[PDB]
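Quick note: the coordinates plus some simple rules give every number you see, no bench work behind them. Cβ sites come from the backbone with ideal geometry, for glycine too, and all protein chains shown count toward neighbours.
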Amino acid sequence: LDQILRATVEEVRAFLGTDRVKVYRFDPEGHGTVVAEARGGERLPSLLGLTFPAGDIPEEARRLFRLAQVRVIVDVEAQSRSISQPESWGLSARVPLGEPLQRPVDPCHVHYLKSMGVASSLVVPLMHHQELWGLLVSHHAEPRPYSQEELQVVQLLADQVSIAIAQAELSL
Ligand SMILES: *[C@@H](C)[C@H]1/C(=C/c2[nH]c(/C=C3N=C(/C=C4\NC(=O)C(CC)=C4C)C(C)=C\3CCC(=O)O)c(CCC(=O)O)c2C)NC(=O)[C@@H]1C
């Protein structure tokens with residue numbers, strides 16, 4: 001899979017022409033690693049082989065990817081801020097998403113991206129069945145809204161990729 005996932009990121013970037021796009025594999029201990037990444041004009045350094053700390057994503061946000069499978073970051077210019085709430089109570093996957101066309105990320109995450117030279121990035125999850133295997137994400141150094149039609153291409157492409165993770169898994 002590590003090999004296939006590598007080629008998958010090469011085709012993805014092409015379709016989305018995104019400067020940088022990487023695949024994120026989720027481990028059972030919460031830790032994840034980068035097994036796929038592509039850079040345009042060496043503009044963005046390589047992070048391949050680097051391990052990211054799960055602490056980067058508590059759990060509430062991670063659930064949304066498995067519950068509603070929908071999350072995107074708007075132009076850091078719009079300064080969108082996110083925060084926790086006492087109401088909590090997450091919504092099941094049985095009921096409709098009922099979420100805004102956009103998702104704000106707390107300031108602590110805003111800078112994290114800014115420090116990465118990212119302004120607007122789309123986060124498409126890679127899952128199979130009821131479990132989550134990994135997470136996909138595209139980085140754009142410029143504002144660019146998404147369309148329902150174009151959204152499917154990528155949103156679907158990811159689903160087609162997540163499916164590869166499942167079928168290929170049987171191999172190993
Ligand atoms: C600050 C106090 C906390 C923190 C920030 C933080 N990050 C998220 C969520 C995400 N962060 C990323 C980052 C990445 N993009 C990549 O390309 C990669 C490697 C391939 C990473 C790791 C992503 C994709 C997410 C998920 C999207 C989302 O916004 O949920 C959060 C959660 C958001 C929230 O607060 O609701 C936070 C807080 N990092 C820390 O260590 C602190 C805990």
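Within 10 Å of each candidate Cβ there may be at most 13 other Cβ atoms; applying that plus a DSSP loop requirement, which GluC sites (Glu not before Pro) in the stretch 1-60 survive?
Filter output for the stretch 1-60: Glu29, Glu42, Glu59.
If you bin every alpha carbon distance in the stretch 97-159 into 5 Å steps from zero, what whole percent lands in each bin?
With a bin width of 5 Å, the distribution comes to 4, 13, 20, 25, 21, 13, 3.
List the trypsin sites (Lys or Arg not before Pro) in the stretch 11-65 that DSSP assigns to loop (not H, G, I, E or B) and whose Cβ has at most 16 other Cβ atoms within 10 Å. Which are they?
Sparse-neighbourhood loop trypsin sites (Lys or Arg not before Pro): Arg43.
Name the residue from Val161, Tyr112, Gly90 whose Cα lies farthest towards the positive end of the charge dipole of the chain, charges +1 on Cβ of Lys and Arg and -1 on Cβ of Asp and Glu.
My answer, from the dipole projection, is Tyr112.
Taking the stretch 13-70 on its own, what percent of its Cα-Cα pair distances exceed 12 Å?
Cα-Cα pairs of the stretch 13-70 separated by over 12 Å account for 72 percent.
Treating the Cα atoms of the chain as identical point scatterers in vacuum, please give the log10 of the normalised Debye intensity I(q)/I(0) at q = 0.12, 0.14, 0.17, 0.18 Å⁻¹, two decimals.
Debye intensities relative to I(0), on a log10 scale: -0.55, -0.76, -1.19, -1.36.
Sort all Cα-Cα distances of the stretch 41-110 into consecutive 5 angstrom bins from zero, then give the percent of pairs in each bin up to the one containing the longest distance.
3, 12, 19, 22, 20, 13, 6, 4, 1, 0
Treating only the Cβ atoms of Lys and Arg (+1) and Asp and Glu (-1) as charged, compute the dipole magnitude of the chain about its Cα centre; round to the nearest 20 debye.
The calculated dipole for the chain is roughly 120 debye.
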